[PDB]
Structures are given as C-alpha cells and as structure tokens.
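Engineer: This is coords-v9.txt (compact mmCIF, C-alpha atoms and all ligand atoms).
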```
# COMPACT_ATOMS: atom_id res chain seq x y z
CA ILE A 388 2.92 4.53 1.44
CA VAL A 389 2.20 1.47 -0.73
CA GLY A 390 4.74 -1.33 -0.68
CA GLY A 391 6.78 0.32 2.07
CA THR A 392 8.25 -0.79 5.38
CA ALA A 393 8.23 0.62 8.88
CA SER A 394 10.76 3.28 9.77
CA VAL A 395 12.63 3.37 13.06
CA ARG A 396 12.99 6.24 15.51
CA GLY A 397 15.23 9.02 14.26
CA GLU A 398 15.43 7.58 10.74
CA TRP A 399 13.73 10.51 8.94
CA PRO A 400 14.19 13.43 11.33
CA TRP A 401 13.03 16.13 8.89
CA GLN A 402 9.63 14.43 8.49
CA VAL A 403 6.77 16.08 10.35
CA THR A 404 3.10 15.23 10.67
CA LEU A 405 0.76 18.20 10.16
CA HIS A 406 -2.49 17.81 12.09
CA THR A 407 -5.77 19.59 11.69
CA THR A 408 -8.00 20.00 14.73
CA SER A 409 -11.29 20.78 12.99
CA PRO A 410 -13.79 19.24 13.45
CA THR A 411 -11.58 16.58 15.02
CA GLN A 412 -7.84 16.10 15.44
CA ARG A 413 -6.22 13.98 12.74
CA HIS A 414 -3.16 13.77 10.55
CA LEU A 415 -3.65 15.97 7.50
CA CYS A 416 -0.37 15.95 5.58
CA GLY A 417 3.33 15.29 5.71
CA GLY A 418 5.95 18.02 5.64
CA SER A 419 9.68 18.62 5.91
CA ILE A 420 11.77 20.71 8.29
CA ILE A 421 13.90 23.06 6.16
CA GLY A 422 14.72 25.71 8.79
CA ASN A 423 14.31 26.26 12.50
CA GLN A 424 10.97 28.03 11.91
CA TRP A 425 10.06 26.59 8.49
CA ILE A 426 8.18 23.55 7.17
CA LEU A 427 7.92 22.85 3.43
CA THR A 428 4.73 21.03 2.42
CA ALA A 429 2.07 20.91 -0.31
CA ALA A 430 -0.38 23.73 -0.99
CA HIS A 431 -3.20 21.23 -1.64
CA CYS A 432 -3.10 20.30 2.07
CA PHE A 433 -4.88 23.52 2.98
CA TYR A 434 -8.03 22.95 0.98
CA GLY A 435 -10.80 23.71 3.43
CA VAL A 436 -8.41 24.81 6.20
CA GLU A 437 -10.11 27.93 7.52
CA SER A 438 -6.99 29.45 9.07
CA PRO A 439 -3.64 28.46 10.63
CA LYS A 440 -5.34 28.48 14.05
CA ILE A 441 -6.50 24.87 13.66
CA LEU A 442 -3.14 23.42 12.61
CA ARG A 443 -0.57 21.64 14.76
CA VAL A 444 2.91 20.62 13.60
CA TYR A 445 4.38 17.57 15.36
CA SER A 446 8.05 16.72 14.95
CA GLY A 447 10.10 13.80 16.18
CA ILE A 448 7.12 11.46 15.77
CA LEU A 449 7.48 7.83 14.74
CA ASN A 450 4.03 6.48 15.67
CA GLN A 451 0.89 8.60 15.46
CA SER A 452 -0.19 6.97 18.74
CA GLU A 453 2.63 8.88 20.50
CA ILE A 454 0.50 12.02 20.13
CA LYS A 455 -1.66 12.63 23.22
CA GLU A 456 -3.22 15.71 24.78
CA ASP A 457 0.07 16.74 26.46
CA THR A 458 2.32 16.13 23.44
CA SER A 459 4.19 19.28 22.50
CA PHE A 460 3.53 20.73 19.06
CA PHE A 461 4.42 23.85 17.11
CA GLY A 462 1.75 26.39 16.32
CA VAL A 463 1.59 27.70 12.77
CA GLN A 464 2.04 31.45 12.50
CA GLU A 465 1.56 31.68 8.72
CA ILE A 466 0.70 29.50 5.72
CA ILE A 467 2.46 30.74 2.58
CA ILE A 468 0.98 29.16 -0.54
CA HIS A 469 2.54 29.78 -3.93
CA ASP A 470 0.59 32.61 -5.56
CA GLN A 471 0.02 30.56 -8.75
CA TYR A 472 -1.34 27.44 -7.03
CA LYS A 473 -4.81 26.38 -8.23
CA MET A 474 -4.84 22.57 -7.93
CA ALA A 475 -2.24 19.89 -7.34
CA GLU A 476 -2.30 18.42 -10.86
CA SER A 477 -1.63 21.82 -12.47
CA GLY A 478 1.50 22.45 -10.41
CA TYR A 479 2.76 25.06 -7.95
CA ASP A 480 1.80 22.58 -5.22
CA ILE A 481 4.08 24.09 -2.61
CA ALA A 482 3.56 25.86 0.68
CA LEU A 483 5.67 27.07 3.58
CA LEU A 484 4.54 26.92 7.18
CA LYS A 485 6.16 29.55 9.39
CA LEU A 486 6.14 28.17 12.92
CA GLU A 487 5.35 30.30 15.95
CA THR A 488 8.71 29.44 17.51
CA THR A 489 12.02 27.92 16.45
CA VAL A 490 12.72 24.20 16.37
CA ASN A 491 15.78 23.38 18.39
CA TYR A 492 17.35 20.62 16.34
CA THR A 493 17.88 17.25 18.03
CA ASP A 494 18.53 13.69 16.87
CA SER A 495 14.77 13.40 16.28
CA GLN A 496 14.12 16.74 14.52
CA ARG A 497 16.67 17.82 11.91
CA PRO A 498 16.57 19.96 8.77
CA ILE A 499 16.92 18.59 5.27
CA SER A 500 18.95 20.60 2.77
CA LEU A 501 17.37 21.99 -0.38
CA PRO A 502 18.88 20.79 -3.68
CA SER A 503 22.21 22.53 -3.87
CA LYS A 504 23.16 25.24 -6.31
CA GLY A 505 25.37 23.66 -8.96
CA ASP A 506 23.65 20.27 -8.60
CA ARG A 507 21.12 21.06 -11.34
CA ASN A 508 22.28 18.11 -13.48
CA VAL A 509 22.76 15.55 -10.70
CA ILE A 510 21.18 12.16 -11.39
CA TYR A 511 19.60 11.09 -8.10
CA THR A 512 19.59 7.30 -7.70
CA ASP A 513 18.83 6.94 -3.97
CA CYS A 514 15.41 8.51 -3.40
CA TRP A 515 12.86 7.65 -0.72
CA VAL A 516 9.25 8.61 -0.08
CA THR A 517 8.01 8.57 3.50
CA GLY A 518 4.75 9.10 5.33
CA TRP A 519 1.81 7.85 7.35
CA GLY A 520 -0.47 7.50 4.33
CA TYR A 521 -2.61 4.62 3.12
CA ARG A 522 -0.96 1.34 2.14
CA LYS A 523 -3.55 0.99 -0.65
CA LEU A 524 -6.27 3.14 -2.14
CA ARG A 525 -8.96 2.10 0.39
CA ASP A 526 -7.21 2.05 3.75
CA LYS A 527 -6.40 4.16 6.82
CA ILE A 528 -3.72 6.50 8.12
CA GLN A 529 -0.89 4.29 9.40
CA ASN A 530 0.48 4.39 12.92
CA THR A 531 4.17 3.89 12.07
CA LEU A 532 5.94 6.13 9.58
CA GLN A 533 6.55 4.12 6.40
CA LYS A 534 9.35 4.38 3.85
CA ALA A 535 9.82 3.18 0.28
CA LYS A 536 12.69 3.54 -2.19
CA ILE A 537 11.39 4.75 -5.54
CA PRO A 538 13.26 5.50 -8.81
CA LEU A 539 12.94 8.86 -10.51
CA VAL A 540 11.37 8.84 -13.97
CA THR A 541 12.16 11.26 -16.79
CA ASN A 542 9.67 14.03 -17.40
CA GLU A 543 9.31 12.67 -20.95
CA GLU A 544 8.22 9.25 -19.69
CA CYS A 545 6.01 10.83 -17.06
CA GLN A 546 4.20 12.97 -19.64
CA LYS A 547 3.54 9.85 -21.74
CA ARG A 548 1.79 8.27 -18.73
CA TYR A 549 -0.29 11.40 -18.01
CA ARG A 550 -1.37 12.65 -21.41
CA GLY A 551 -4.37 14.39 -19.86
CA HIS A 552 -2.13 16.61 -17.74
CA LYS A 553 0.66 19.11 -18.37
CA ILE A 554 3.78 17.62 -16.81
CA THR A 555 6.18 20.56 -16.56
CA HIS A 556 9.79 21.05 -15.55
CA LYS A 557 8.46 22.11 -12.13
CA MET A 558 7.31 18.54 -11.51
CA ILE A 559 9.33 15.39 -10.99
CA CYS A 560 7.92 11.89 -11.26
CA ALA A 561 8.91 8.70 -9.48
CA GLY A 562 7.69 5.13 -9.73
CA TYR A 563 8.30 1.59 -10.91
CA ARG A 564 7.04 0.55 -14.33
CA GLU A 565 5.17 -2.37 -12.75
CA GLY A 566 3.99 -0.25 -9.81
CA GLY A 567 3.89 -1.65 -6.29
CA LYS A 568 5.61 1.20 -4.41
CA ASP A 569 4.25 4.75 -4.30
CA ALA A 570 2.84 7.43 -2.08
CA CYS A 571 -0.88 7.27 -1.30
CA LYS A 572 -3.59 9.16 0.60
CA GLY A 573 -2.07 10.89 3.61
CA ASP A 574 1.48 11.07 2.27
CA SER A 575 1.10 14.32 0.35
CA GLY A 576 3.16 17.27 1.53
CA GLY A 577 5.91 14.98 2.79
CA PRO A 578 9.36 14.63 1.31
CA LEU A 579 10.85 12.83 -1.61
CA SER A 580 14.33 12.65 -0.09
CA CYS A 581 17.39 11.74 -2.15
CA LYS A 582 20.87 11.01 -0.80
CA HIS A 583 23.82 12.25 -2.83
CA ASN A 584 27.43 12.16 -1.61
CA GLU A 585 25.96 10.97 1.72
CA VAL A 586 23.90 14.17 2.15
CA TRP A 587 20.09 14.16 1.99
CA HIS A 588 18.34 16.68 -0.23
CA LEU A 589 14.66 17.55 -0.46
CA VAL A 590 14.15 16.80 -4.13
CA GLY A 591 10.36 16.48 -4.23
CA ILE A 592 7.16 17.26 -2.35
CA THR A 593 4.63 14.43 -2.57
CA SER A 594 1.78 15.83 -4.66
CA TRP A 595 -0.52 13.60 -6.77
CA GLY A 596 -0.94 10.53 -8.95
CA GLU A 597 -3.51 8.40 -10.71
CA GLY A 598 -4.40 5.84 -8.06
CA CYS A 599 -1.67 4.50 -5.79
CA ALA A 600 1.26 2.39 -7.04
CA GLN A 601 -0.48 1.48 -10.29
CA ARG A 602 1.55 0.09 -13.15
CA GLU A 603 2.84 2.79 -15.54
CA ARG A 604 1.40 5.61 -13.34
CA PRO A 605 4.24 7.26 -11.43
CA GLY A 606 3.74 9.48 -8.45
CA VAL A 607 4.11 13.18 -9.23
CA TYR A 608 6.07 15.48 -6.94
CA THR A 609 6.75 19.19 -6.80
CA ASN A 610 10.27 19.65 -8.19
CA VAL A 611 11.81 21.54 -5.26
CA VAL A 612 14.95 22.73 -7.09
CA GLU A 613 12.71 24.84 -9.34
CA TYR A 614 11.30 26.64 -6.28
CA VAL A 615 14.54 27.36 -4.40
CA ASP A 616 14.43 31.05 -5.36
CA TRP A 617 10.81 31.23 -4.18
CA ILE A 618 11.65 29.47 -0.90
CA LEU A 619 14.64 31.71 -0.22
CA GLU A 620 12.63 34.85 -0.96
CA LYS A 621 9.91 33.83 1.48
CA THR A 622 12.21 32.59 4.25
CA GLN A 623 14.31 35.78 4.07
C1 LIG A 701 -5.26 13.14 5.01
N1 LIG A 701 -6.11 11.99 4.75
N2 LIG A 701 -6.62 11.30 5.77
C2 LIG A 701 -7.34 10.35 5.15
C3 LIG A 701 -7.28 10.45 3.75
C4 LIG A 701 -6.47 11.54 3.52
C5 LIG A 701 -6.09 12.07 2.21
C6 LIG A 701 -6.76 11.94 0.98
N3 LIG A 701 -6.14 12.56 -0.02
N4 LIG A 701 -5.05 13.08 0.59
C7 LIG A 701 -4.09 13.87 -0.15
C8 LIG A 701 -4.72 15.15 -0.66
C9 LIG A 701 -5.46 15.83 0.44
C10 LIG A 701 -4.67 16.49 1.55
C11 LIG A 701 -5.40 17.34 0.54
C12 LIG A 701 -3.38 13.11 -1.22
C13 LIG A 701 -3.75 13.13 -2.56
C14 LIG A 701 -3.02 12.38 -3.48
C15 LIG A 701 -1.93 11.62 -3.06
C16 LIG A 701 -1.09 10.84 -3.97
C17 LIG A 701 -1.53 9.71 -4.67
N5 LIG A 701 -2.84 9.26 -4.57
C18 LIG A 701 -3.72 9.08 -5.59
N6 LIG A 701 -4.86 8.68 -5.06
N7 LIG A 701 -4.65 8.62 -3.71
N8 LIG A 701 -3.42 8.98 -3.40
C19 LIG A 701 -0.67 9.02 -5.53
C20 LIG A 701 0.64 9.46 -5.72
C21 LIG A 701 1.09 10.59 -5.03
CL1 LIG A 701 2.71 11.12 -5.26
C22 LIG A 701 0.22 11.26 -4.16
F1 LIG A 701 0.65 12.36 -3.50
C23 LIG A 701 -1.62 11.64 -1.71
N9 LIG A 701 -2.34 12.36 -0.83
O1 LIG A 701 -2.00 12.34 0.39
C24 LIG A 701 -4.98 12.83 1.92
```
What does this structure look like when you write it as structure tokens?
Structural biologist:
Amino acid sequence: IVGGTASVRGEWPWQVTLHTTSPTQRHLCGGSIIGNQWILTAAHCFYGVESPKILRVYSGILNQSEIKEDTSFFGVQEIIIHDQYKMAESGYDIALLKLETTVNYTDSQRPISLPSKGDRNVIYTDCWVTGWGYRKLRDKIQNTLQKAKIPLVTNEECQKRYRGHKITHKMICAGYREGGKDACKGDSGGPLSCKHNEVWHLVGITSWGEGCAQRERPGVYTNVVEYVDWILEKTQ
C-alpha cells in the first residue's frame, strides 16, 4: 500500500495473508474471508503455483513477523479460478480458495459480506484498500498490515486513463487524480472494502494498475458484485 498507515490488531479481520512455500516461504497475495471455508482472492496470484499443496492461509495476522514455524494456518483444499481468466488486465481476476477446515470466527478472523442484492446502484464513499504490499514500486513486503482510503472512479474515467485496455463493467477503479494512495506489489488478491450503513462489503479484489499511486492512473479491481452469482454457484 502506497500512502497508507499501519493498521491495528482486529481492524480488518477478513484480511488474510496467503503464503507460498516454494522454493521458500513468503507472502504471495492478500485475500478475504467470505465464508467459514472460503477465501476470495485474485486468480493472478496462482501464476506458477504448481498445486494447492504449497499454499498456506494465515488469518488473524497483523504483522508478518508473527508467523513462525508453529503458527497455525489453514491448508488449501482447492483453488477455483474463473474459467475465463487469462491475465489480470483482461479481467476475470477472481479465485476462490476452499480451505481444508472451517474457520471458527473470532474477533481476529471475521467474514466480510458480499455486495448485497438490491444495492446495485449504491454509491460507495467509504472504501479502503489494505495489505502488506510495497509502499512504492521498488520496495519490500511490509511487516504491518497497511490501510488507505481511496475514492472510487467511474468506469468512464477509468477507461480514459487506460486506453490500451478494455475496462469493463466487471472492473471497478479507485484512485486519486493526483495519485499518492494506491495498492502496490503484494496487495493483489486482498479486499477493496467499503462501508455502507455501517456494514462492510467486499466491493473489489485488488488486481492491477499502471505503476503504483501514479497521477491519473487508478488502481483496477475485480468488481465483486458482478461475480456474486459465480461465487454462490461455487460455494454451494
Ligand atoms: C508477492 N510479491 N512479493 C514481492 C513482490 C510481489 C508481487 C509483485 N507483483 N505482485 C502482484 C501480482 C503477482 C501476484 C501475482 C501485483 C501486481 C499488481 C499490483 C497492483 C499495482 N501495481 C502495479 N505495479 N505494481 N503494483 C497497482 C495497482 C493495483 Cl490495484 C495492483 F493490484 C499488485 N500486486 O500485488 C506481487
């Protein structure tokens, strides 16, 4: 996260850190708890992942340094990538992780609701991007989970900033005109979380952008509301 600030414990309890363990253990991507056995993340995260065997899902984590050899984690039973996914910039950047067991929800590990049926025309004005990613394009995975408040941009404006790409209704963009706050390397797969009527909804999945926090180059997110039917079909 560029231009963000440190979170505190329990602040974003649906945020998980997905680790790979091949050839070494490291944070790979963010993700969001959406059910007791289900993480929603980005399909692009699994480029070069040979199988679910090497993945570990950690929940209730504030600092990456909390993770040691005896830290509990969830195994991944299945990676479900959208059947139309080819590359992040062309959309369908969405994946479900089915965990090997059920999360028991606690103050530190909580689900986030999907965008609600009937809220199709809600204007979200309180949206936050979170993660352990870089604070600038040439950096390092951060220890403490970072947060940044970022305004949604219309798809029309977003297309004007990305005239080499097809910005579709299945994407949502977010960013300041002058830049300064954005996701960056290591944040993808995590949530764009928006609060409406004091309830958090998973509005976006952090996906891609041209650089990090550049002026007139918003971050691009998978528009979760357009995949609710797909999510429900897979989780049922
Ligand atoms: C894990 N790891 N450890 C070390 C390095 C990394 C690493 C490297 N790239 N990535 C991912 C993709 C990769 C996981 C398949 C990635 C790709 C793009 C973005 C991104 C950007 N950026 C544009 N230029 N940089 N960022 C801007 C906006 C928005 Cl909205 C974004 F999503 C974020 N991430 O995370 C993780």
Engineer: Output the neighbourhood of ligand LIG 701 (chain A) as a count of residues only, that is, all protein and nucleic acid residues with some atom at most 6 Å from the ligand, counting all atoms listed in the file.
Structural biologist: 22
Engineer: For a cut-off of 12 Å around (-8.3, 29.2, 0.6), file coordinates, pick out all residues using all atoms listed in the file and list them as an MDAnalysis selection string.
Structural biologist: chainID A and resid 430:439 466:470 472:474
Engineer: Could you tell me how far atom CA of residue A:529 lies from atom CA of residue A:390, in Å and to one decimal?
Structural biologist: 12.8 Å
Engineer: With only C-alpha atoms as the counted atoms, please give the residues lying no more than 9 Å from residue A:487, apart from itself and same-chain residues fewer than 6 positions off, as a list in words.
Structural biologist: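 The neighbour list is residues 424, 461, 462, 463, 464 and 465 of chain A.
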Engineer: Write out as number ranges by chain each polymer residue whose atoms come within 8 Å of residue A:580, counting all atoms listed in the file; drop sequence neighbours fewer than 4 positions from it.
Structural biologist: A: 514-516, 587-591
Engineer: Any idea what the distance is between atom CA of residue A:483 and atom CA of residue A:543?
Structural biologist: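 Atom-to-atom, atom CA of residue A:483 and atom CA of residue A:543 are spaced 28.7 Å apart.
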Engineer: Of the residues A:389, A:619, A:509, A:490, which is the one nearest to residue A:526, using all atoms listed in the file?
Structural biologist: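 The closest residue to residue A:526 is A:389.
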Engineer: Go ahead and compute the interatomic distance for atom CA of residue A:440 and atom CA of residue A:419, in Å to one decimal.
Structural biologist: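 These two atoms are separated by 19.7 Å.
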Engineer: Which residue gives the smallest distance to residue A:613 among A:568, A:406, A:396, A:507, with only C-alpha atoms counted?
Structural biologist: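 Ranking A:568, A:406, A:396, A:507 by distance to residue A:613, first place goes to A:507.
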